[PDB]
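Fold and geometry: a report
Letter by letter, the chains look like this.
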Amino acid sequence: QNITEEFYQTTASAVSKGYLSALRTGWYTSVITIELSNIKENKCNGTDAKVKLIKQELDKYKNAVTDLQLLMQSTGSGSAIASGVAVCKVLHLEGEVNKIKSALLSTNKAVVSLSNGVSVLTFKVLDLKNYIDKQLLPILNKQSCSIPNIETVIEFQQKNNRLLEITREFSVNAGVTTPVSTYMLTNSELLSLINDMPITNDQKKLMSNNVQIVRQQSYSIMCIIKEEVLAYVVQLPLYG
């Protein structure tokens, strides 16, 4: 007799699931990118605890990258994610990934015209290469490993945690996840994407007020790792 299961429910709002799904008229696809460091396993004189912890965190960084590389090689028309899948194909066209990277070199957001006709908003939500190439490359790219003070270990785990969780969600879901978690797209990132969507301001108010409901109506789709860029497509509903 519990009719609540037929309703999206948040702390302040509820929406009928069938009514919301029926109102959908299209999909909006965005490209979410994480900048990665292409670093091989460097072996040097590692004795103390802090070096072990960094290399253990580094190993998990390497495993997550290789796991996602196996996903992109792994993984139409009538599918619920056919919109996002089509965008992934364009990203596989040689030259698109560098185009997205060039536009995100100075900002974490930029509108990019692909080489199929679609203009797609692109985000860079995490810059791991910048952190690794400036805080860890000087320490470990040596004959004898440098000593990273224990707070550097904590910082790197903080930043690396998001990549591991994203890899974990993609691995157990075979590359397609719903609802879109806060690790795929934080609330701040999701609200920013909504504000730049080609919809009305009232629609932006509707989605911004109900971010949790938007997550349950959206998909996150793994696309590619290429040229130090991890790219996945977030597919958001359009009610127009």
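Going by the header, the method for this PDB entry is X-ray crystallography, and the resolution given is 2.10 Å.

Moving on to unusual backbone geometry. Going from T178 to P179, the amide bond is cis rather than trans, its omega being 0°. With respect to the helices and strands, the residue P179 is situated in the loop between β6 (176–177) and α7 (187–195). The residue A174 is not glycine, and still its phi comes out positive at about 55°. Summarising the element assignment, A174 is placed in the loop between α6 (150–172) and β6. Residue class for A174 comes out exposed when judged on its relative accessible area of 55%. A positive phi is found at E227, a non-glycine position, where the angle reads about 60°. Within the secondary structure, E227 is located in the loop between β7 (219–226) and β8 (229–238).

All right, on to the pattern of salt bridges then. In total, this model carries six salt bridges according to the counting rule given. Note that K62 is salt-bridged to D59, the shortest N-O span being 3.0 Å. Placement of both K62 and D59 in helix α2 (residues 49–73) is noted, with a separation of three residues, approximately one turn of the helix. Judged by relative accessible area, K62 falls into the partly exposed class, the value being 21%. Residue classification places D59 among the partly exposed positions, given a relative accessible area of 30%. Overlapping salt bridges, with partners in common, bring together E94, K226 and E227 in one network.

On the surface, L53, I150 and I154 cluster together into a nonpolar patch covering about 280 Å² of accessible area. As for its placement among the helices and strands, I150 is situated in helix α6.

Packing of α2 against helix α5 (residues 128–140) leaves a shortest axis separation of 13 Å and a crossing angle of 140°. As judged from the angle between their axes, α2 and α5 are oblique. You can see that α2 and α5 cross each other, and the crossing is left-handed. Contacts between α2 and α5 involve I54, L58 and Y61 on the former and, on the latter, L128, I132, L136 and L140. Grouping the amino acids of the contact of α2 with α5 by side-chain chemistry returns seven nonpolar, no polar and no charged.

The rules behind the values
Residues numbered from 1 in each chain as written, not as in the entry; some residues may be left out. Heavy atoms only, no water. Helix = DSSP H or I, 4+ residues; strand = E, 2+ residues; numbered from the N terminus. Buried < 20%, exposed > 50% of the residue type's maximum accessible area, 1.4 Å probe, protein only. Salt bridge = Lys/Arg side-chain N within 4 Å of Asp/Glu carboxyl O. Patch = residues over 30% accessible without salt bridge, like charges linked within 9 Å, V, L, I, M, F, W, Y side chains within 5 Å. Areas by Shrake-Rupley, 256 points an atom, 1.4 Å probe, with all protein chains shown as cover. Axes fitted to C-alpha atoms, helices over the stretch in contact; angles between N-to-C directions. Parallel < 35°, antiparallel > 145°, perpendicular 65-115°, else oblique. Left-handed = near helix turned anticlockwise from the far one by under 90°. Contact = heavy atoms within 4.5 Å. Nonpolar A, V, L, I, M, F, W, Y, C, P; charged D, E, K, R; others polar.

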